[PDB]
Amino acid sequence: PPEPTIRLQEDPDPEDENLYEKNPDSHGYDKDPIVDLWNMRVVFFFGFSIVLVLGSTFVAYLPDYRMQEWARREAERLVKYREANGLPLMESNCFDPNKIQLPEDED
Amino acid sequence: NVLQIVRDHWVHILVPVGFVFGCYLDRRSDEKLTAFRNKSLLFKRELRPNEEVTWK
Amino acid sequence: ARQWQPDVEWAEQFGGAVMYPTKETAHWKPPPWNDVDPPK
Amino acid sequence: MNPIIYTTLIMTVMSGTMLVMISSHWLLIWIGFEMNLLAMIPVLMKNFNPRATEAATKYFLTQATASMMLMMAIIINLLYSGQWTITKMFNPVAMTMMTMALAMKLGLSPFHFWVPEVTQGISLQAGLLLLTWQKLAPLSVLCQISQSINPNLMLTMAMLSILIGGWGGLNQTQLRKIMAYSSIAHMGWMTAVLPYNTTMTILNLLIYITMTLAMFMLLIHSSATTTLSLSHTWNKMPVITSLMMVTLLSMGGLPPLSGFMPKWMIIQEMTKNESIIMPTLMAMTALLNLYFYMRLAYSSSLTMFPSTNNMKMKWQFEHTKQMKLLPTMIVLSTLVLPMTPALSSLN
Amino acid sequence: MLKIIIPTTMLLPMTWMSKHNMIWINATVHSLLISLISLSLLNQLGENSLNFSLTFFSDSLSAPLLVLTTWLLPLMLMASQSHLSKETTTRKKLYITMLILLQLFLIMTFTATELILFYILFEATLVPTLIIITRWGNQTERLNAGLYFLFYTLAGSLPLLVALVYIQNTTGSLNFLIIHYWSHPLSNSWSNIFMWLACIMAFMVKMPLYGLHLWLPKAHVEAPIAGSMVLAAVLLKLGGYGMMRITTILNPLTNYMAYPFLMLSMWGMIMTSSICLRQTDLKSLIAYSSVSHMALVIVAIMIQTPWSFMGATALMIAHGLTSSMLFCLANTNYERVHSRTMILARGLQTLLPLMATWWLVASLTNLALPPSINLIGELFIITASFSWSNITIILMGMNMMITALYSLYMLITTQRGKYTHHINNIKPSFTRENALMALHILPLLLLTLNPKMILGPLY
Amino acid sequence: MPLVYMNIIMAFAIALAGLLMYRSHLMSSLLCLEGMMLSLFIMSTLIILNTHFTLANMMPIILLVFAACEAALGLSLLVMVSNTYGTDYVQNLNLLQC
Amino acid sequence: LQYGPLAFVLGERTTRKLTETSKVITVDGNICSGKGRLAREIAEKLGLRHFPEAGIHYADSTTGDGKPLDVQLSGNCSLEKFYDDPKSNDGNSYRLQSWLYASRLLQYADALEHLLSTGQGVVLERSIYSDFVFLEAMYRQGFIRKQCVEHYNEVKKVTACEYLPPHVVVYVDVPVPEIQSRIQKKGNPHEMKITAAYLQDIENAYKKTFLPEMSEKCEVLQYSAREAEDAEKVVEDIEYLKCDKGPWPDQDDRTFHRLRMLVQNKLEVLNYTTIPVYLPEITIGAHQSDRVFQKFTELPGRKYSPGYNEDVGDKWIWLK
Amino acid sequence: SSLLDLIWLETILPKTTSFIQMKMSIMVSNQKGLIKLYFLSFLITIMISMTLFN
Amino acid sequence: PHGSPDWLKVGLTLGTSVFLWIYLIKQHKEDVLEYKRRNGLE
Ligand SMILES: CCCCCCCCCCCCCCCCC[C@@H](O)O[C@H](CO[C@H](O)CCCCCCCCCCCCCCC)COP(=O)(O)OCC[N+](C)(C)C
Ligand SMILES: CCCCCCCCCCCCCCCCC[C@@H](O)O[C@H](CO[C@H](O)CCCCCCCCCCCCCCC)COP(=O)(O)OCC[N+](C)(C)C
Ligand SMILES: CCCCCCCCCCCCCCCCC[C@@H](O)O[C@H](CO[C@H](O)CCCCCCCCCCCCCCC)COP(=O)(O)OCC[N+](C)(C)C
Ligand SMILES: CCCCCCCC/C=C\CCCCCCCC(=O)O[C@H](COC(=O)CCCCCCC/C=C/CCCCCCCC)COP(=O)(O)OCCN
Ligand SMILES: Nc1ncnc2c1ncn2[C@@H]1O[C@H](COP(=O)(O)OP(=O)(O)O)[C@@H](O)[C@H]1O
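Residue numbers (the working numbering), protein chains in the order written: chain F, 31 to 137; chain V, 38 to 93; chain X, 2 to 41; chain H, 43 to 389; chain P, 2 to 460; chain Z, 4 to 101; chain C, 64 to 383; chain D, 3 to 56; chain G, 3 to 44.
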């Protein structure tokens, strides 16, 4: 059996390279220190500073397009009106029955 | 340096330009949906003396 | 540490005359590299 | 052969197809079919080897039997009504004879057996011609007489063709046989919408021709006829393999690729006619075609197969001959889904 | 809506015209800016919707998903920067192109006023994910995984298309607004039962449903980190969004047809939580946890009550964020140990204390610790189920207990105990990994301050 | 449709079946196509003569010519196949398979 | 007008270019011999074009700039290592043999292209025919395995079945003792180690198989060391004989058009040199293949097509 | 983990589909290339087609 | 190989593009004018 046991021509599996070895203060972004530092800076500025803080403040101060206070004020004046006139607060019918035409059964 | 970093940073301007173009296209598409402007029963409003359209 | 890529044994699955070899079709042979058969 | 003779034979094949397409007399349609068959054989036998001769003789036997059946249908139709114009047949028996003749000419199941063998025997350019240009005349005749066809028989043959193509492609390592089974499945898709809308038939035909042209030209460029030969292309032309993978994805019917346009439309059309079960089965069966397209993509571009040492020499040379329409074919076969309503042009 | 779509498209020429060593920086910066711009969709109305045009519309169900989709891309780029170092510029540009195309398809899918357009984009998302899995995955099983992730999906999605066109042949339209306003009851018929099944099964397979979940562990385990992040965070939510949209035409047939799926989900959450207790792989455990959470979301959508829908929306957002964080932590361990076996690298608290804190907070959010939005969705769904039937409380509480058990088991196995002696290549955590972890976790604890942003249209 | 037409039709059917049998001897296959065309010629001539349709008196001859041309090609093919094997047996044409 | 079907249609015919002087000829000789000198002398005397014997980097001389590339990018084999350690574990012997056969195929294609396009004949050293003798030697000495010889036979059949063999072959006969004496007189340290058994086996192959098989389809001129010194007699022998037994007289204008299309487009010439047969000596894994292909692409004039390389100095790129 | 997830759920949907498609593909694509059998099937199909429809 | 930018091909390509664009602009102009005249707009 003169076979080589080498099934094919293959490069050996390379060993993983440490970014801290050639460069302490390596930030884990790139092996080029300048590109590494600027990648860290842009990620931190546009992620933590711009989006995370300014966007959160923008969401906090969004105008009331859901009309929560509007509904509260409408309910307040409506309850004030019905309590003053003795009306039974909320009605059980959502629509007026006079304007609904039921089908006569005659069963 | 001008005329040198432009050849290396020209790509950066593209995303911002797209945002402006998209805003313009959104407004242009808005201009084609005015069939009911100042005609809804909820917001039938009489125009101000120096007004052309209620909204743009 | 390295992404797996097909070896020779993986490639030889696709080297037969047909896929999914059977007892009847085992004796089949792949065609010649150029579509020429010896005139015998 | 001589380039003059080759050009003459190609124009004779095209003139036969044209004769079939422009005539209103059944005799002239039969003559166009005869002319096409007569000029097609040397094209299949352009490169001489025993396999090409076998493919040509099988193709001739099939097409001549189909022509005799078609002439029998014509004569029976004349017997029951002295008419020569291609229109509604007026005879139940004649229509069946005509339908079987055209199914044999197209390669629809159960008359599919000749397509894989003929495609494997002939070269890649001959296969391109056989799978693209040789479907126009029978499909045009079918479109002209679509109001006559029995929907049961046409739909049975369409579903059988889809099933047979899907199952037969799963077992192939040869690229030409894969193309043949794909063509059988696509013919099955095309003929299932003839009873309802011939415009959808023509749209499917155009999309299929575009994709088949792109795939054959890519296979000719990277001169491979087997899976393992195609697995070597990434080590010389990776961009060709990427384009081939995208084209294969399109041929499997994935959105938003162009190959999704026909089936979708066809399904949509078949739903307007209260046909629900049949399109469902057709799509489920097309999943098989997608499976073997995906296997080819895995073997070609999504993984890197081992190469050989002599490939290094091939790194030093570039193609002398180029296809001008290959980029256009790729783009038209991958990125025309947004232009779907243009099908109103009655393509 | 074009003010978000056009910049995402411009991400492609910018990526392909970039320097060889500026692709990550430019992609990250402009994706973050696109996320910031998309953040202004959160200003929703109490009335109908944000109907931008005939093609695209926004809703308070769509807006949180859109914002999460836009926020996920920068994190995916940061996670992918490490393991793509030794690869050519063209291939890295192709990888970033696949991510950008996935984001574009997801963005157009979530707005998608048309149901056929929604289907087309919802199936177009399939291609980039498949290419990412089967091209940049490590093990030999990835190809097989891809096949599963493909065919399952299509096996569910092909009938839906037929159903969809059928509806437009009868109703005359597939616009969601017209469908909602012109909706009519479904009679109890065999044809209507099969229409219901064709409408539901496509979204059920991608949640995934318990019986139909086989593709998920394979696809998530064999995918690269960006692929796993996008699969767990956004792609699983397509089924929930589609069900929430499509259940408007399925009433009142949902009352009868929901029972087998309700039983499957209620038992499968227990089954998958129990499976998590015996798992030798971190990624598989996280995948099964995702299956359990999505089973709870399926129950919520099937009950179809207001509290159910609010809980399901909150849980979808919270699960996306938490699962992305967990996958990132697992990948940080893997890139050091190269094994992905949970029992191998032990006692990592003594060597990586800040990463241990990140692990703890991720496990806490997965455990649904109040007042996190995870527990907000959990509790809303549980209360809705209790109103649906008081006996669901046993299964829900058992699921909670097992969830806490396997989350703390995962934390204790990897972080506590004694370090493995023979492993000496555990390097200090990079600033990139810590920044990634914070960018996952701060949005969760900051969303717990404003829950109405992620509670959906029925708030 | 009288008995002569049905006799010619069944002759065509017999020729077609004989072609579809393929016992051996591809020459026999060519002969079966040939009998098919002969039956076609006979029945078309009978139909055209009976109805006194003067112009289609052309088409039988034309049919013959075209079919005859086809026959020539087939013979060539047969000959060439024999040149590879020494016989025109059908079973030798199994190099190409499904 | 690059040659194609249209040129053939309009005017381009090569039967008129043949002026009974073309006579594609090849020279065969033992390792270290006068065949090179004799081939050159025949080339100047007969007015033919001489083709120096193909080496590892013959293909490098015809593409890009003629300067050879690195061993890792061109050949991945060396003759010196084969001489030093012919029984290597990494399979250098058969890789060398296969690369040399592919180089000889490319050189034969170039020679045929020149002869058919110009009408001027060519002179060659060891061609694709008689390249097998070394293979046989390597098998009889045990330098390579058998599966190597089946693979070589397959490639040689599929490739050489499409070209015209040379009109007349010139063989210089040299005994082994004198061949070894000349090897020692050269002073090359690596050629010092060629065992006499290898030379004798190589010699046996030419006489036993190569001579009779070329005698029945071509014309053979057996010469010795003394009679190979005077090229006048050799040229006279070439002139006197007339080639009428080979396939060349049976060739015509359309077959010449087909052959001229084949000899151009070197990718189709080398098409079957990389058939997917996985022999460990020649098959290369995906990682090494990708790395070496990336290295080859980064070469100065190799990223794009020859006219589209800026670093070399091609101008007007944006208008080509 | 094993009985249901790794065995029976695999056996039911994916493995069954793969097995059935495998067997059907083997049955469909296994023709020896003899045109005698092909045209015998052609006669059969043609005969069946004429009779069933009418 | 070693070839100059073929100014004949370049000129023909530019000429074809310019001719097509000019033809398209003209065709659009008479299309608009014909539509306006037929529909009685202006
Ligand atoms: C996949 C892309 C396919 C593209 C197709 C090839 C593109 C190049 C074609 C070159 C120009 C073609 C125009 C032909 C000039 C004159 C046309 C005239 O002769 O034909 C008319 C009609 O021409 C064609 O119908 C129009 C062809 C246009 C095809 C485009 C539609 C494809 C579907 C949308 C896919 C997106 C493609 C667009 C991107 C390029 C009248 O036909 P008619 O004699 O009365 O009836 C025959 C047809 N019937 C029987 C069905 C009724
Ligand atoms: C290190 C040790 C600690 C040091 C630091 C000590 C200080 C701690 C104080 C901070 C935490 C304590 C909690 C106290 C909260 C105070 C602020 C809070 O009250 O404001 C909230 C306001 O904040 C927002 O509601 C929440 C922020 C929204 C988060 C958006 C996420 C950012 C985008 C990132 C991408 C998205 C990824 C996830 C996709 C879904 C709620 O206010 P609200 O009563 O309601 O109305 C706002 C004011 N109005 C009345 C005028 C309207
Ligand atoms: C595998 C992993 C999970 C995948 C997804 C699983 C979910 C699919 C479950 C399907 C939902 C229910 C299907 C049918 C529900 C109808 C109600 C039925 O179950 O009850 C009886 C139905 O009776 C019987 O079921 C009749 C059908 C019997 C045949 C069914 C086969 C039984 C087992 C098949 C299960 C296999 C599922 C997977 C297939 C590949 C009531 O009879 P009746 O009141 O009179 O008629 C009611 C229907 N009407 C009103 C429209 C007329
Ligand atoms: C993960 C893999 C799952 C695979 C798919 C699962 C979903 C299966 C759902 C059914 C598929 C096709 C349904 C049709 C699509 C809707 C169209 C429709 O509703 O129209 C019906 C048509 O209804 C049908 O035709 C249904 C026929 C179904 C045939 C295919 C059966 C597939 C398997 C059946 C058993 C399993 C069913 C549920 C499986 C769930 C997935 C496990 C009524 O229309 P008409 O008939 O025109 O009007 C009535 C008057 N004539
Ligand atoms: N097919 C081959 N196999 C092995 N070695 C070869 C082959 N072809 C040429 N060579 C080597 O090329 C070298 C030079 O060839 P040769 O003519 O004998 O010497 P020189 O160039 O001085 O005349 C020799 O050492 C020979 O071994």
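Just so you know, even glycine gets a beta-carbon here, dropped at the ideal spot from N, CA and C.
Contact set between residue i and chain X, taken where Cβ atoms lie within less than 7 angstroms
i	result
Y335(C)	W34 and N35
Partner residues on chain P for residue i, Cβ-Cβ distance less than 9 angstroms
i	result
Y340(H)	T135, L144, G147 and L148
Contact list for residue i against chain C, beta-carbon separation under 8 angstroms
i	result
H361(H)	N328 and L330
Chain Z contact residues for residue i, given Cβ-Cβ distances below 7 angstroms
i	result
residue 1(D)	Absent from the model: residue 1(D). The displayed extent of chain D is 3 to 56, so no value can be given.
Closer than 8 angstroms: residue i CB and nearest ligand 1 heavy atom
i	result
residue 396(H)	The requested residue 396(H) does not occur in the structure, where chain H is confined to residues 43 to 389.
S300(H)	yes
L248(H)	yes
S387(H)	yes
Pair within 9 angstroms by beta-carbon distance, residue i and residue j
i	j	result
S388(P)	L76(P)	no
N252(P)	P160(P)	no
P149(C)	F206(C)	yes
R347(P)	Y410(P)	no
Closer than 8 angstroms: residue i CB and nearest ligand 4 heavy atom
i	result
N193(P)	yes
Within chain X, partners of residue i - CB distance below 9 angstroms
i	result
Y226(C)	Per Cβ cutoff of 9 angstroms: no residues; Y226(C) is ~13 angstroms from chain X at best.
Heavy atom of ligand 5 within 8 angstroms of residue i beta-carbon
i	result
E104(C)	no
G228(P)	no
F197(C)	yes
Chain V residues whose Cβ lies nearer than 9 angstroms to that of residue i
i	result
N27(P)	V48, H49 and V52
Closer than 7 angstroms at the beta carbon, the chain C residues around residue i
i	result
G13(G)	Near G13(G) there are no residues of chain C at all, since even the closest Cβ is about 11 angstroms away, more than 7 angstroms.
Within chain X, partners of residue i - CB distance below 8 angstroms
i	result
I22(D)	Those do not exist, as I22(D) stays about 13 angstroms from chain X at its closest Cβ, beyond 8 angstroms.
Contact set between residue i and chain H, taken where Cβ atoms lie within less than 9 angstroms
i	result
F328(P)	Residues of chain H passing the Cβ test: none, with the nearest at roughly 23 angstroms.
*Considering only residues of the stretch 310-336 of chain P, which uninterrupted alpha helix (DSSP H) runs meet the minimum length of 4 residues and lie entirely inside it, listed in chain order?*
Here no run is fully enclosed.
*What are the uninterrupted segments assigned as alpha helix (DSSP H) that are 4 or more residues long and contained completely in the stretch 389-435 of chain P, given in chain order?*
Correct list: 393-416.
*Listed from N- to C-terminal order along the chain, which residues in the stretch 35-63 of chain F have their beta-carbon within a distance smaller than 8 angstroms of any beta-carbon of chain X?*
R37, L38, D43, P44, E45 and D46: these are the residues of the stretch 35-63 of chain F whose beta carbon lies less than 8 angstroms from some beta carbon of chain X, given in chain order.
*Taking any Cβ of chain G, which residues in the stretch 238-259 of chain C have a Cβ under 8 angstroms from it, in chain order?*
Shown here is that no member of the stretch 238-259 of chain C has a Cβ falling below 8 angstroms from a Cβ of chain G.
*Below 9 angstroms between beta carbons is the criterion; list the residues of the stretch 320-331 of chain H that meet it against any residue of chain P, in chain order.*
Those residues of the stretch 320-331 of chain H that come within reach of chain P (Cβ to Cβ, closer than 9 angstroms) are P321, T322, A325, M326, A328 and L329.
_Residues in the stretch 346-370 of chain C having any Cβ partner in chain H nearer than 7 angstroms_ = Answer set for the stretch 346-370 of chain C: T346, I347, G348, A349, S352, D353, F356, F359 and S368.
*asked:* If we require 3 or more residues per run, which beta strand (DSSP E) segments fall completely within the stretch 81-151 of chain C?
replied: Runs of the beta strand (DSSP E) inside the stretch 81-151 of chain C: 88-92 and 112-114.
_Tell me which residues of the stretch 31-56 of chain D have at least one Cβ-Cβ distance to chain Z shorter than 7 angstroms, keeping chain order._
Those would be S31, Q33, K34, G35, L36, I37, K38, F41, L42, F44 and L45, in chain order.
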